[PDB]
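Taking the form deposited in one PDB entry, here's one chain by itself in structure tokens.
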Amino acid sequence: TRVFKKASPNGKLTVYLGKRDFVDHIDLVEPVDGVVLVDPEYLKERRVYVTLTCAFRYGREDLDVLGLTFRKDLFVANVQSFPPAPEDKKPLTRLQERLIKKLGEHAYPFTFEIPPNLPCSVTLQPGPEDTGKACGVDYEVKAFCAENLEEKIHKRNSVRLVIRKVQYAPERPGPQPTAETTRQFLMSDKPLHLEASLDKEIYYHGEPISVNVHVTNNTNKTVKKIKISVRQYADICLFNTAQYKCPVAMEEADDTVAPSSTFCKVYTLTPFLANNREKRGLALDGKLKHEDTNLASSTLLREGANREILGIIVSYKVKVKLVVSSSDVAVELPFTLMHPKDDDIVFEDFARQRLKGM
């Protein structure tokens, strides 16, 4: 198996994790299980704590930065790690029992269980024009040395790292999302009927989207061309609320539909951050420089749910449009964008792999 790790500036403390992206379903959220490597001597009476903060920040580009103009803590979890507190004691994963047995006795566990209905790691990076500042919700894991809880944490023997809460939806049976509209122009009751659908409700980053477009033209006009698009919507709803709208995929085609005939076709779009990187105002599931970053996924929420508490609400839509030689006739279908997903361990850094940038 493979596990990531990171050490404190003075290598006296070292965190060990088997993932840096925790997959949350709806029922449950993969548990955040890791262990610390301590130097009992180095810290006399001092202790080892590990905390999981979940918060929304606005202004800077991360929680640890001291230039953000707003912050709301959405979750916090502290655990007395070194001095094993019989109180704060749990069952233990296997990657743990495994790890502890390779690190020794100075190996100590900790485990965090993230409530199912908390927002997922989402970051919205403002453009050049946009008057808003960056913001997002991040999960910070911090293990540190101190006697009491409160003493002053020092960047010296403390370690910090951002993990990720990614959303996965299993794809159900349901009907394909449909949308239709009829249009009658000036001086005639002859209609132009549009109707589209997507092959399914749930998609995953990188997974293609198929659009079945059917056009019934009883009109005496002509459909010049057809434009298919996939837009993203981001509603920052906390410090300084605003709504960002951004296209993540377009596919215009010179398809023609003659007077009194029926048209039919299947288009394929692929929303990919790669072909949008140089864009801004959109929401991502991380920072741009990181390679393992995608487009922010659809914010889920159902019945009596607090919307502000989620930070940034994200949604997607596919728009179909016919340019008729005017007023185009169009429809739109909403979809959900989700996330995919005798050993030997072998530690590896925690830092997220980078891009290519000049």
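Start at 1 with the first residue shown and count on from there.
As for the form deposited with a partner chain bound, it is not shown, yet the points below apply to it.
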item: Contact stretch among 98 to 106, 252 to 260, 214 to 222, 145 to 153 - heavy atom within 4.5 Å of the partner chain in the deposited complex; value: 98 to 106
item: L198: touches the partner chain in the deposited complex, heavy atom cutoff 4.5 angstroms; value: no
item: 4.5 angstroms heavy atom contact with the partner chain in the deposited complex for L161; value: yes
